[PDB]
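Structure first, commentary second.
All of the numbers you see were taken from the coordinates with simple rules; none came from a lab. Here the Cβ is made from the backbone with ideal geometry for all residues, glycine too, and neighbour counts use every protein chain on show.
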Amino acid sequence: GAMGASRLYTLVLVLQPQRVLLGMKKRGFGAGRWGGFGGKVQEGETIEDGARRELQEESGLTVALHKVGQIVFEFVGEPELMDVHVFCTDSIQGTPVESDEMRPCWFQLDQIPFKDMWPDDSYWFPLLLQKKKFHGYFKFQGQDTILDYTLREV
Ligand SMILES: Nc1nc2ncccc2[nH]1
């Protein structure tokens, strides 16, 4: 039948030559995992404006964003998909702050904390680091198990 309906999300990676800024999600779904900053796009908002807003709300940073990929997530037992538009920037001009949602830390690019990131990151995060654009899809059973995935460079 028809592909499930999807909700629009953004995800922003602050990626400098030697390090990346990640946030530890403090509560809710996926709490305890490190990742980029993002959330739901709001009604009438452009995707890039939503990405800037989520970066500011979750990390305090105000920034040019570059579109780097799109990843669709499906969870067993939930008919609605997450359609995540991924962005990255190298240029910041303020300091990240802990928010209600996220605790920030910088990681060197030889210390990407995959053990404490979502399992899908092993597949697409390396493409982001190589500046290669991508489209991916991941079906999860719960928070740990991937039952199916597709990934391509574009
Ligand atoms: N990398 C990544 N972030 C996620 N957030 C929520 C669900 C699945 C996710 N995979």
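Take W106, project a point 7 Å from its Cα along the Cβ direction, then tell me which residues of segment 115-140 have their backbone nitrogen under 20 Å from it.
Residues passing the 20 Å test: 129-130.
Which residues in segment 1-18 place their backbone N less than 14 Å from a point set 7 Å from the Cα of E57 along the Cα-to-Cβ direction?
8-12
I'd like to know which of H135, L109, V20 lies farthest towards the positive end of the charge dipole of the chain, counting +1 on Cβ of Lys and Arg and -1 on Cβ of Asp and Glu.
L109
Between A5 and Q42, what's the calculated FRET efficiency when r is the beta-carbon distance and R0 is 22 Å? Round to 0.05.
After rounding to 0.05, the efficiency reads 0.80.
Let me spell out the model: positive unit charges on the Cβ of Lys and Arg, negative unit charges on the Cβ of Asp and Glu, origin at the Cα centre of the chain. What dipole size does that give, in debye rounded to 20?
For the chain, the charge dipole is close to 360 debye.
Could you give the length gained by full extension between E80 and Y123, i.e. 0.36 nm per residue of separation minus their alpha carbon distance, to one decimal place?
13.2 nm
Using alpha-carbon positions, what is the distance between the centroids of segment 95-122 and segment 3-56, in Å?
12
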